[PDB]
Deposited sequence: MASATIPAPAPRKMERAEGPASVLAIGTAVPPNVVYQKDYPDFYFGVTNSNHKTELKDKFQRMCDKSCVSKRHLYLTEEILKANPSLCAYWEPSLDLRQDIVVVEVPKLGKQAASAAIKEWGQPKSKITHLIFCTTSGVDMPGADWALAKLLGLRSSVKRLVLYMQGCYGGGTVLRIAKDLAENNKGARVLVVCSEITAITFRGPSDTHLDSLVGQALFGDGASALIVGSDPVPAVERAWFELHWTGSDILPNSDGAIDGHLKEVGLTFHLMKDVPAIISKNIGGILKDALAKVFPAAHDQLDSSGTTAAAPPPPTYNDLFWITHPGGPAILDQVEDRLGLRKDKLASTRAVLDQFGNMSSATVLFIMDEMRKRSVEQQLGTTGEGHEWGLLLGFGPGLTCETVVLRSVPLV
C-alpha cells in the first residue's frame, strides 16, 4: 500500500512537438556567409577546408537563432577567441526556454489535456546555465502548476535525447497518473565563434550544428480513446565506450562553450555499437521465446552526430540502406541539433508512417532503437516499441 501509487503499463510517448528559429541558413550559402561575417575570407585555405566539410555534411539547411544582424551587432561572437560568455548566456538563458515553450505548446495542444495535468518536467540543454534554471523559466512561460516536479539537465551534449527518456521512463512508470513534459532545447549562440586553423574540430561544429527544440508528453497507462500512445519505452542502457577518453569534450569558458572533437569518434562508435545493441536485444528478448528481430526489422532513431558516424555504423552493422532514412532526413533539414535531434527524428518517423499508411508508428516495424552519442564517449540506448496504426 504505497504512499505513492505507481503505474502499470510501459511509459509511452503521447505527443511530440517541435520548434525551430525562423532564420533558415542554406548550407550551399554557409561558407560564404560564415567566413564573411567572421572577417576571415582572406584565410582561403581554411575556407576551402570548411567548404569541403559543408560539401560532405549531408546538411541542406539549418535554422539558426543567430542572424547576420545579431552577429554584426555583437562583434565579440564573430571573433574566434574573445570574451563572450556573459553575452552568450544573456541570449540563451532567455531563448532556450522560449524555443522550448513553443515546442511544448505544440505537444500539449496535440495531447489534448489541460496543461495542469503535467506533473513532472525534464528540461535538457547544452546551451547555457542559470539559477533558477531553464526548467523553471519554461514552467513560468507555460503557466504549469506550481508543484510540478522539475529537473534541469545542463551541459549534457548529444546523448541527452536518450538520457531524458531514460529518466522519464522511471518518473512515468513509478508515479500513477504522472504526465512528464520532456523538453530538449538547443541554440548555437553558446558555441558560435570565428574560425582558426589550430582548432579544426570547432570548424566541424560550425558545419553541422543547428538550433531546435522538441517536446514530448510521456506517461504510463494512456486513457483509452482519450490519450494516444505513439511509442513505448521498454529498455534503457548507458555505456562509456572503450578507449574513448577525451573523444568529445566541451568546456564552458569565458569565451563561451568550447568544442573538442577527435577524428576517431566514428570509428569508436561504429566499432563498438554492435556489441552494445546485441547485448541490449538479448536482455529484451531472452531465451529460456522469440529471438531478437534482425536489425533490418527494427526501426532506427539514431543521433546523426555526423554523416561519417551514420555511414560507419550503417556499414559495420550491415544495415539496409533505408534504415537510417528518417535519421538522415532530419540531419539534412536541421543539421545536428544536439540533444533535441532524436526527438525530431521520432516525430519525423511517426509522421511519415501515418502519411504513407504504414502498419505502425515505427515505419511498419514493431521494435526499434533510439541511440544518442556524446561526451564520454557516452552511448545511450533505448529499446522502443511502436504502436499499430488504424
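Worksheet item: Which regions of the deposited sequence are unaccounted for in the modelled residues, listed N- to C-terminal?
Response: In the chain as deposited, 1 to 10, 299 to 310 carry no coordinates.
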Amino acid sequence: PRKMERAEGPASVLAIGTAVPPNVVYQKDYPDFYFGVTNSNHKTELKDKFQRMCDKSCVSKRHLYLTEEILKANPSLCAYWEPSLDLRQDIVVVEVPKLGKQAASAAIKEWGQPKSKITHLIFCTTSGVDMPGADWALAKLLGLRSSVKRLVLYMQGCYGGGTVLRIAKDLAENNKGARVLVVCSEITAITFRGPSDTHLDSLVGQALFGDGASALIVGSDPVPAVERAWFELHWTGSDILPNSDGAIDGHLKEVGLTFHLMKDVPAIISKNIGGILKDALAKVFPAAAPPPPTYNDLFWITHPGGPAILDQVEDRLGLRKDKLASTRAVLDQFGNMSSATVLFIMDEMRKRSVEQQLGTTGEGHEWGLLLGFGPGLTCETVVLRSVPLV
From here on, numbers count along this sequence of modelled residues.
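Just so we're on the same page, rigid core means the largest C-alpha set that superposes within 1.5 Å between forms.
Worksheet item: When the other structures are laid on this one by the rigid core, do the CA atoms of 256 to 264 or of 108 to 116 sit farther away in 6 other deposited structures of this protein?
Response: Most displaced of the pair in 6 other deposited structures of this protein: 256 to 264.
Item to complete: Between 115 to 123 and 261 to 269, name whichever shows the higher mean Cα B factor according to the PDB entry.
Response: Result: 261 to 269.
Discussion item. If you take the mean CA temperature factor per stretch, which one wins between 158 to 166 and 78 to 86?
Written reply: In the deposited entry, the stretch with the higher C-alpha B-factor mean is 78 to 86.
Worksheet item: Of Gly177, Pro290, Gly237, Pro304, which one's C-alpha B factor is largest in the deposited record?
Response: Largest recorded C-alpha B-factor: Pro290.
Discussion item. Just the C-alpha B-factor column, please: which of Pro10, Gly374, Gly17, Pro22 has the biggest number?
Written reply: Highest C-alpha B-factor among the listed residues goes to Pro22.
Discussion item. Please say which third, lowest, middle or highest, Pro97 falls into when its CA temperature factor is compared across its chain.
Written reply: For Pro97, whose C-alpha B-factor we compare with every modelled residue in the chain, the answer is the lowest third.
Item to complete: Using the B-factor values recorded in the entry, state whether the Cα atom of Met4 falls in the lowest, middle or highest third among the modelled residues of its chain.
Response: Answer is middle: the recorded C-alpha B-factor places it there.
Discussion item. Using only modelled residues of the chain, where does the Cα B factor of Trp136 rank: lowest third, middle third or highest third?
Written reply: Lowest third - that is where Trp136 ends up once the chain's C-alpha B-factors are sorted.
Worksheet item: Hey, what third does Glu186 fall into on Cα B-factor, ranked over its chain?
Response: Ranked within chain, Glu186 CA B lands in the lowest tercile.
Discussion item. Using the temperature factors of the C-alpha atoms in this entry, rank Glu110 within its chain: lowest, middle or highest third.
Written reply: Tercile = lowest for this residue's CA B-factor.
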